[PDB]
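S.K.: Pasting start.pdb here (PDB, C-alpha atoms):
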ATOM      1  CA  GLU A 571     -53.305-224.661 -68.714
ATOM      2  CA  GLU A 572     -55.953-225.247 -71.453
ATOM      3  CA  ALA A 573     -58.264-223.349 -69.090
ATOM      4  CA  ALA A 574     -56.876-219.877 -70.069
ATOM      5  CA  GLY A 575     -59.157-216.850 -70.728
ATOM      6  CA  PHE A 576     -59.694-217.284 -74.463
ATOM      7  CA  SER A 577     -61.923-214.502 -75.931
ATOM      8  CA  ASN A 578     -65.645-215.474 -76.360
ATOM      9  CA  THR A 579     -65.791-213.398 -79.629
ATOM     10  CA  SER A 580     -62.906-215.447 -81.189
ATOM     11  CA  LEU A 581     -63.741-216.588 -84.777
ATOM     12  CA  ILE A 582     -62.382-220.105 -83.946
ATOM     13  CA  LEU A 583     -65.047-220.821 -81.251
ATOM     14  CA  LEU A 584     -65.384-224.561 -82.007
ATOM     15  CA  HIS A 585     -61.677-225.345 -81.218
ATOM     16  CA  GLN A 586     -62.125-223.350 -77.971
ATOM     17  CA  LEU A 587     -64.986-225.650 -76.940
ATOM     18  CA  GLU A 588     -63.042-228.813 -77.941
ATOM     19  CA  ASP A 589     -60.398-227.583 -75.445
ATOM     20  CA  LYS A 590     -63.219-227.497 -72.839
ATOM     21  CA  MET A 591     -64.289-231.124 -73.469
ATOM     22  CA  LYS A 592     -60.630-231.990 -72.941
ATOM     23  CA  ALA A 593     -60.504-229.736 -69.839
ATOM     24  CA  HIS A 594     -63.647-231.493 -68.534
ATOM     25  CA  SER A 595     -61.951-234.852 -69.409
ATOM     26  CA  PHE A 596     -58.740-234.220 -67.433
ATOM     27  CA  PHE A 597     -61.089-232.857 -64.779
ATOM     28  CA  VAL A 598     -62.900-236.246 -64.498
ATOM     29  CA  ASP A 599     -59.489-238.011 -64.361
ATOM     30  CA  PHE A 600     -58.188-235.646 -61.611
ATOM     31  CA  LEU A 601     -61.257-236.585 -59.656
ATOM     32  CA  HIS A 602     -60.852-240.385 -60.323
ATOM     33  CA  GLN A 603     -57.229-240.437 -59.066
ATOM     34  CA  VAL A 604     -57.543-237.984 -56.138
ATOM     35  CA  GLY A 605     -60.110-240.281 -54.427
ATOM     36  CA  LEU A 606     -63.551-238.553 -54.323
ATOM     37  CA  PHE A 607     -65.375-241.851 -55.139
ATOM     38  CA  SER A 608     -68.564-240.795 -53.288
ATOM     39  CA  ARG A 609     -71.013-237.781 -53.196
ATOM     40  CA  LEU A 610     -74.309-237.994 -55.164
ATOM     41  CA  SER A 611     -76.985-235.078 -54.915
ATOM     42  CA  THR A 612     -78.844-235.353 -58.278
ATOM     43  CA  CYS A 613     -82.256-235.810 -56.716
ATOM     44  CA  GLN A 614     -84.817-233.960 -58.873
ATOM     45  CA  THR A 615     -83.933-231.373 -61.571
ATOM     46  CA  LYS A 616     -86.400-230.021 -64.220
ATOM     47  CA  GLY A 617     -88.772-233.071 -63.974
ATOM     48  CA  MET A 618     -85.846-235.479 -64.208
ATOM     49  CA  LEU A 619     -84.987-237.968 -61.478
ATOM     50  CA  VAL A 620     -81.454-239.191 -61.487
ATOM     51  CA  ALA A 621     -79.838-241.801 -59.215
ATOM     52  CA  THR A 622     -76.373-240.281 -58.578
ATOM     53  CA  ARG A 623     -74.421-236.848 -58.978
ATOM     54  CA  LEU A 624     -71.988-238.705 -61.138
ATOM     55  CA  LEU A 625     -74.811-238.830 -63.757
ATOM     56  CA  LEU A 626     -74.467-234.985 -63.812
ATOM     57  CA  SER A 627     -70.805-235.320 -64.951
ATOM     58  CA  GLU A 628     -71.971-237.683 -67.728
ATOM     59  CA  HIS A 629     -74.918-235.279 -68.424
ATOM     60  CA  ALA A 630     -72.632-232.200 -68.666
ATOM     61  CA  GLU A 631     -70.317-234.268 -70.963
ATOM     62  CA  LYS A 632     -73.242-235.361 -73.241
ATOM     63  CA  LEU A 633     -74.384-231.733 -73.438
ATOM     64  CA  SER A 634     -70.832-230.649 -74.245
ATOM     65  CA  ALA A 635     -70.860-233.095 -77.174
ATOM     66  CA  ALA A 636     -74.218-231.607 -78.240
ATOM     67  CA  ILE A 637     -72.668-228.115 -78.378
ATOM     68  CA  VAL A 638     -69.746-229.147 -80.619
ATOM     69  CA  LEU A 639     -72.207-230.902 -82.932
ATOM     70  CA  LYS A 640     -74.299-227.731 -83.477
ATOM     71  CA  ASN A 641     -71.093-225.691 -83.685
ATOM     72  CA  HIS A 642     -69.994-228.103 -86.492
ATOM     73  CA  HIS A 643     -73.312-227.329 -88.214
ATOM     74  CA  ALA A 644     -73.434-223.543 -88.604
ATOM     75  CA  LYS A 645     -75.753-222.142 -91.288
ATOM     76  CA  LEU A 646     -78.012-219.074 -91.545
ATOM     77  CA  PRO A 647     -81.393-220.804 -90.575
ATOM     78  CA  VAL A 648     -79.926-222.335 -87.369
ATOM     79  CA  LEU A 649     -78.029-219.158 -86.399
ATOM     80  CA  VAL A 650     -81.284-217.186 -86.862
ATOM     81  CA  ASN A 651     -83.243-219.684 -84.709
ATOM     82  CA  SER A 652     -80.442-219.311 -82.122
ATOM     83  CA  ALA A 653     -80.480-215.470 -82.094
ATOM     84  CA  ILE A 654     -84.266-215.575 -81.475
ATOM     85  CA  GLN A 655     -83.850-218.105 -78.587
ATOM     86  CA  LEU A 656     -81.065-216.124 -76.859
ATOM     87  CA  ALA A 657     -83.013-212.837 -77.119
ATOM     88  CA  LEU A 658     -86.101-214.531 -75.594
ATOM     89  CA  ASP A 659     -84.161-215.841 -72.554
ATOM     90  CA  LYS A 660     -82.494-212.406 -71.986
ATOM     91  CA  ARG A 661     -80.890-209.382 -73.675
ATOM     92  CA  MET A 662     -77.440-209.581 -75.264
TER      93      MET A 662
ATOM     94  CA  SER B1046     -30.717-202.288 -80.654
ATOM     95  CA  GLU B1047     -29.609-198.857 -81.992
ATOM     96  CA  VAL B1048     -32.110-198.426 -84.849
ATOM     97  CA  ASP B1049     -35.124-199.833 -82.928
ATOM     98  CA  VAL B1050     -36.105-203.382 -84.126
ATOM     99  CA  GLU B1051     -39.253-203.825 -82.034
ATOM    100  CA  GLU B1052     -40.617-200.335 -82.634
ATOM    101  CA  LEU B1053     -40.855-201.107 -86.390
ATOM    102  CA  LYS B1054     -42.206-204.558 -85.575
ATOM    103  CA  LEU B1055     -45.155-202.672 -84.047
ATOM    104  CA  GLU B1056     -45.408-199.837 -86.649
ATOM    105  CA  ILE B1057     -46.021-202.399 -89.395
ATOM    106  CA  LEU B1058     -48.426-204.694 -87.463
ATOM    107  CA  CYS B1059     -50.478-201.554 -86.627
ATOM    108  CA  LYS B1060     -50.714-200.322 -90.253
ATOM    109  CA  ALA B1061     -51.496-203.985 -90.971
ATOM    110  CA  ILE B1062     -54.747-203.289 -89.051
ATOM    111  CA  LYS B1063     -55.437-199.752 -90.333
ATOM    112  CA  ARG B1064     -55.691-201.145 -93.865
ATOM    113  CA  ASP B1065     -57.928-203.910 -92.662
ATOM    114  CA  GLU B1066     -60.664-201.348 -91.665
ATOM    115  CA  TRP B1067     -62.482-202.632 -88.451
ATOM    116  CA  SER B1068     -66.160-202.242 -89.095
ATOM    117  CA  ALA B1069     -69.471-203.713 -87.980
ATOM    118  CA  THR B1070     -72.390-205.194 -89.900
ATOM    119  CA  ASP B1071     -75.827-205.125 -88.256
ATOM    120  CA  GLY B1072     -74.488-204.772 -84.671
ATOM    121  CA  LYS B1073     -72.017-207.638 -85.091
ATOM    122  CA  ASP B1074     -68.201-207.649 -85.295
ATOM    123  CA  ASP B1075     -66.725-207.453 -88.811
ATOM    124  CA  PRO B1076     -63.325-209.221 -88.964
ATOM    125  CA  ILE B1077     -61.374-207.041 -91.300
ATOM    126  CA  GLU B1078     -58.241-208.600 -90.011
ATOM    127  CA  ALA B1079     -58.205-210.853 -93.104
ATOM    128  CA  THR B1080     -54.657-209.514 -93.827
ATOM    129  CA  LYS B1081     -53.560-209.813 -90.142
ATOM    130  CA  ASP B1082     -55.138-213.310 -90.257
ATOM    131  CA  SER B1083     -53.286-214.208 -93.424
ATOM    132  CA  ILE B1084     -49.874-212.868 -92.217
ATOM    133  CA  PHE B1085     -50.103-215.042 -89.063
ATOM    134  CA  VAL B1086     -50.985-218.008 -91.341
ATOM    135  CA  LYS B1087     -47.814-217.132 -93.379
ATOM    136  CA  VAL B1088     -45.274-216.974 -90.474
ATOM    137  CA  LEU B1089     -45.549-220.727 -89.838
ATOM    138  CA  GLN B1090     -43.773-222.809 -92.526
ATOM    139  CA  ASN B1091     -44.844-226.021 -90.733
ATOM    140  CA  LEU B1092     -41.524-225.972 -88.820
ATOM    141  CA  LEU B1093     -42.872-228.693 -86.468
ATOM    142  CA  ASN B1094     -41.709-231.261 -89.080
ATOM    143  CA  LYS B1095     -38.605-229.140 -89.789
ATOM    144  CA  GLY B1096     -37.403-229.742 -86.196
ATOM    145  CA  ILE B1097     -37.656-226.047 -85.295
ATOM    146  CA  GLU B1098     -39.224-224.875 -82.017
ATOM    147  CA  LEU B1099     -42.407-223.598 -83.770
ATOM    148  CA  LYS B1100     -44.345-224.311 -80.577
ATOM    149  CA  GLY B1101     -43.967-221.016 -78.625
ATOM    150  CA  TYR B1102     -42.348-219.024 -81.452
ATOM    151  CA  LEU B1103     -44.842-216.222 -82.010
ATOM    152  CA  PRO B1104     -43.755-214.039 -78.934
ATOM    153  CA  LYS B1105     -42.308-211.690 -81.566
ATOM    154  CA  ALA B1106     -45.537-209.663 -81.614
ATOM    155  CA  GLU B1107     -46.486-207.431 -78.673
ATOM    156  CA  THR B1108     -49.903-207.079 -76.988
ATOM    157  CA  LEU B1109     -50.407-204.428 -74.236
ATOM    158  CA  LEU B1110     -47.769-202.320 -76.022
ATOM    159  CA  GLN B1111     -49.922-202.658 -79.167
ATOM    160  CA  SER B1112     -53.024-200.954 -77.743
ATOM    161  CA  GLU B1113     -50.737-198.057 -76.831
ATOM    162  CA  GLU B1114     -50.200-197.465 -80.603
ATOM    163  CA  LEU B1115     -53.904-198.183 -81.317
ATOM    164  CA  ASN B1116     -54.815-195.326 -78.918
ATOM    165  CA  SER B1117     -52.519-192.953 -80.920
ATOM    166  CA  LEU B1118     -54.389-193.822 -84.140
ATOM    167  CA  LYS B1119     -57.790-193.427 -82.345
ATOM    168  CA  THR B1120     -58.827-196.946 -83.428
ATOM    169  CA  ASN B1121     -58.820-198.891 -80.115
ATOM    170  CA  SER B1122     -62.656-198.867 -79.793
ATOM    171  CA  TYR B1123     -63.121-200.436 -83.216
ATOM    172  CA  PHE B1124     -60.557-203.234 -83.289
ATOM    173  CA  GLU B1125     -59.942-204.294 -79.641
ATOM    174  CA  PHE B1126     -62.887-206.743 -79.765
ATOM    175  CA  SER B1127     -61.272-209.009 -82.429
ATOM    176  CA  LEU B1128     -57.631-208.140 -81.677
ATOM    177  CA  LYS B1129     -57.909-210.128 -78.452
ATOM    178  CA  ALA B1130     -60.354-212.662 -79.987
ATOM    179  CA  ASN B1131     -57.870-213.584 -82.754
ATOM    180  CA  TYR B1132     -55.021-213.441 -80.143
ATOM    181  CA  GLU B1133     -56.799-216.411 -78.425
ATOM    182  CA  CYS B1134     -56.710-218.678 -81.510
ATOM    183  CA  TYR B1135     -53.126-217.458 -81.944
ATOM    184  CA  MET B1136     -52.241-218.982 -78.542
ATOM    185  CA  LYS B1137     -53.820-222.234 -79.755
ATOM    186  CA  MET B1138     -52.019-222.019 -83.143
TER     187      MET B1138
END
Could you render the structure as structure tokens?
M.R.:
Amino acid sequence: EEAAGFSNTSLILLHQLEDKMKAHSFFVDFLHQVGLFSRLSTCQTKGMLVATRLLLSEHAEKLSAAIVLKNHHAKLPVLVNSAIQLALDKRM
Amino acid sequence: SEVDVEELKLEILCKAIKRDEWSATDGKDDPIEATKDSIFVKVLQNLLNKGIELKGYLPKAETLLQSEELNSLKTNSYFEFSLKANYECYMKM
């Protein structure tokens, strides 16, 4: 499907991540139809308390809209600030 | 089928990458494929509104058979990073 192993080094990265907000959208629909109207383990994560696991679908959606927004804005200062961040978390 | 159509189809798309020159700038991929890029932008004449089956009409080009020729030229290590990368946004195109 739109899941397919698209290369991470592809120049057109943004369109590849739009495909993944659509993939995560047909994923929420293929939960909504196939029952699964239960299950909620959010509890406590990183100082955040959250009522229901279904807030984590909404939270992974909001932070997949955040990604496309800073993929839409790509300029040398932000891409430098990114390369520093990524190299602090681990090696590339 | 006698004079080899799909052999030449490869010979050309491979010298279409040799002229491109796959390089690297400061440890990052350099997409030289600017001509390979442009040729795949030139195959489509917007035949979606011409009523032609443009959707699914780039399986002219080969893939695994291509890196066979890239090995002969000794250039596989340079270009195989963006050959596949561009072949992902050519399955979306």
S.K.: Set the cut-off to 9 Å and count all atoms listed in the file: what are the residues of chain B that reach chain A? Output as a PDB file with C-alpha atoms, keeping the file's coordinate frame.
M.R.:
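Output (out_25.pdb):
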ATOM      1  CA  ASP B1074     -68.201-207.649 -85.295  1.00  0.00           C
ATOM      2  CA  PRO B1076     -63.325-209.221 -88.964  1.00  0.00           C
ATOM      3  CA  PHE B1126     -62.887-206.743 -79.765  1.00  0.00           C
ATOM      4  CA  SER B1127     -61.272-209.009 -82.429  1.00  0.00           C
ATOM      5  CA  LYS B1129     -57.909-210.128 -78.452  1.00  0.00           C
ATOM      6  CA  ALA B1130     -60.354-212.662 -79.987  1.00  0.00           C
ATOM      7  CA  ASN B1131     -57.870-213.584 -82.754  1.00  0.00           C
ATOM      8  CA  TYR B1132     -55.021-213.441 -80.143  1.00  0.00           C
ATOM      9  CA  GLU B1133     -56.799-216.411 -78.425  1.00  0.00           C
ATOM     10  CA  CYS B1134     -56.710-218.678 -81.510  1.00  0.00           C
ATOM     11  CA  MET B1136     -52.241-218.982 -78.542  1.00  0.00           C
ATOM     12  CA  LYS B1137     -53.820-222.234 -79.755  1.00  0.00           C
TER      13      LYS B1137
END
S.K.: Can you pull out every residue within 10 Å of region 590-607 of chain A, counting only C-alpha atoms, but drop anything in the same chain fewer than 3 positions away, and send it as a VMD selection string?
M.R.: chain A and resid 571 to 573 584 to 587 610 624 627 to 628 630 to 632 634 to 635 638
S.K.: Write the selection just made, keeping C-alpha atoms, as a compact mmCIF listing (two decimals), in the coordinates of the input?
M.R.:
# COMPACT_ATOMS: atom_id res chain seq x y z
CA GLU A 571 -53.30 -224.66 -68.71
CA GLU A 572 -55.95 -225.25 -71.45
CA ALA A 573 -58.26 -223.35 -69.09
CA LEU A 584 -65.38 -224.56 -82.01
CA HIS A 585 -61.68 -225.34 -81.22
CA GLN A 586 -62.12 -223.35 -77.97
CA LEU A 587 -64.99 -225.65 -76.94
CA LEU A 610 -74.31 -237.99 -55.16
CA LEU A 624 -71.99 -238.70 -61.14
CA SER A 627 -70.81 -235.32 -64.95
CA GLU A 628 -71.97 -237.68 -67.73
CA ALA A 630 -72.63 -232.20 -68.67
CA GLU A 631 -70.32 -234.27 -70.96
CA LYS A 632 -73.24 -235.36 -73.24
CA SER A 634 -70.83 -230.65 -74.24
CA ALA A 635 -70.86 -233.10 -77.17
CA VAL A 638 -69.75 -229.15 -80.62
S.K.: Which value, in Å to one decimal, gives the distance between CA of residue 1105 (chain B) and CA of residue 1075 (chain B)?
M.R.: 25.8 Å
S.K.: Point out the residue among B:1066, B:1114, B:1052, B:1125 with the least atom-to-atom distance to residue 1080 (chain B), counting all atoms listed in the file.
M.R.: B:1066
S.K.: Please indicate the distance in Å from CA of residue 662 (chain A) to CA of residue 1072 (chain B), rounded to one decimal place.
M.R.: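 Taking CA of residue 662 (chain A) as the start and CA of residue 1072 (chain B) as the end point, the length is 11.0 Å.
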S.K.: Counting all atoms listed in the file, which residues have an atom no more than 9 Å from (-46.3, -219.8, -77.3) in the file's coordinates? Please list them as a ChimeraX atom specification.
M.R.: /B:1099-1104,1135-1138
S.K.: Please write a file for region 596-651 of chain A, taken from the block I just shared, that holds C-alpha atoms and is laid out as an mmCIF file, in the first residue's frame.
M.R.:
data_model
loop_
_atom_site.group_PDB
_atom_site.id
_atom_site.type_symbol
_atom_site.label_atom_id
_atom_site.label_comp_id
_atom_site.auth_asym_id
_atom_site.auth_seq_id
_atom_site.Cartn_x
_atom_site.Cartn_y
_atom_site.Cartn_z
ATOM 1 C CA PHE A 596 -6.589 5.061 7.317
ATOM 2 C CA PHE A 597 -5.051 3.330 10.327
ATOM 3 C CA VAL A 598 -7.393 5.218 12.734
ATOM 4 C CA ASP A 599 -10.357 4.391 10.433
ATOM 5 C CA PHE A 600 -9.420 0.656 10.287
ATOM 6 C CA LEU A 601 -9.472 0.720 14.044
ATOM 7 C CA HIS A 602 -12.849 2.620 14.235
ATOM 8 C CA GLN A 603 -14.638 0.104 11.961
ATOM 9 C CA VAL A 604 -13.015 -3.137 13.206
ATOM 10 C CA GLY A 605 -14.416 -2.538 16.737
ATOM 11 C CA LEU A 606 -11.528 -1.880 19.200
ATOM 12 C CA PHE A 607 -13.531 0.870 21.014
ATOM 13 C CA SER A 608 -11.744 0.268 24.354
ATOM 14 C CA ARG A 609 -8.111 0.005 25.705
ATOM 15 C CA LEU A 610 -6.523 3.071 27.397
ATOM 16 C CA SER A 611 -2.922 2.814 29.039
ATOM 17 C CA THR A 612 -1.643 6.442 28.831
ATOM 18 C CA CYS A 613 -1.040 6.777 32.549
ATOM 19 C CA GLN A 614 2.125 8.861 33.065
ATOM 20 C CA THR A 615 4.687 9.653 30.315
ATOM 21 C CA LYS A 616 7.488 12.299 30.609
ATOM 22 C CA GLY A 617 5.679 14.313 33.377
ATOM 23 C CA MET A 618 2.424 14.249 31.422
ATOM 24 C CA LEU A 619 -0.757 12.665 32.745
ATOM 25 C CA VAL A 620 -3.256 11.689 30.141
ATOM 26 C CA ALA A 621 -6.743 10.209 30.632
ATOM 27 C CA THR A 622 -6.933 7.633 27.795
ATOM 28 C CA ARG A 623 -4.581 5.767 25.198
ATOM 29 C CA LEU A 624 -6.704 7.258 22.496
ATOM 30 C CA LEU A 625 -5.077 10.621 23.436
ATOM 31 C CA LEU A 626 -1.794 8.979 22.240
ATOM 32 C CA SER A 627 -3.296 8.514 18.726
ATOM 33 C CA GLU A 628 -4.282 12.213 18.747
ATOM 34 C CA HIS A 629 -0.808 13.045 20.226
ATOM 35 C CA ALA A 630 1.060 11.053 17.524
ATOM 36 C CA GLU A 631 -1.171 12.790 14.893
ATOM 37 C CA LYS A 632 -0.440 16.306 16.321
ATOM 38 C CA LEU A 633 3.280 15.487 16.310
ATOM 39 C CA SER A 634 3.002 14.228 12.737
ATOM 40 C CA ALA A 635 1.522 17.610 11.768
ATOM 41 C CA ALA A 636 4.434 19.283 13.597
ATOM 42 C CA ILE A 637 6.940 17.346 11.454
ATOM 43 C CA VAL A 638 5.370 18.368 8.120
ATOM 44 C CA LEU A 639 5.336 21.985 9.303
ATOM 45 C CA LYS A 640 9.113 22.030 9.988
ATOM 46 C CA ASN A 641 9.683 20.042 6.793
ATOM 47 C CA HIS A 642 7.752 22.841 4.963
ATOM 48 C CA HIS A 643 10.167 25.319 6.575
ATOM 49 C CA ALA A 644 13.662 24.168 5.594
ATOM 50 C CA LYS A 645 16.455 26.761 5.738
ATOM 51 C CA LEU A 646 20.140 26.682 6.736
ATOM 52 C CA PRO A 647 19.738 27.997 10.406
ATOM 53 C CA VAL A 648 17.052 25.386 11.265
ATOM 54 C CA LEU A 649 18.883 22.527 9.501
ATOM 55 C CA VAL A 650 22.044 23.472 11.454
ATOM 56 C CA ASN A 651 20.118 23.537 14.771
#
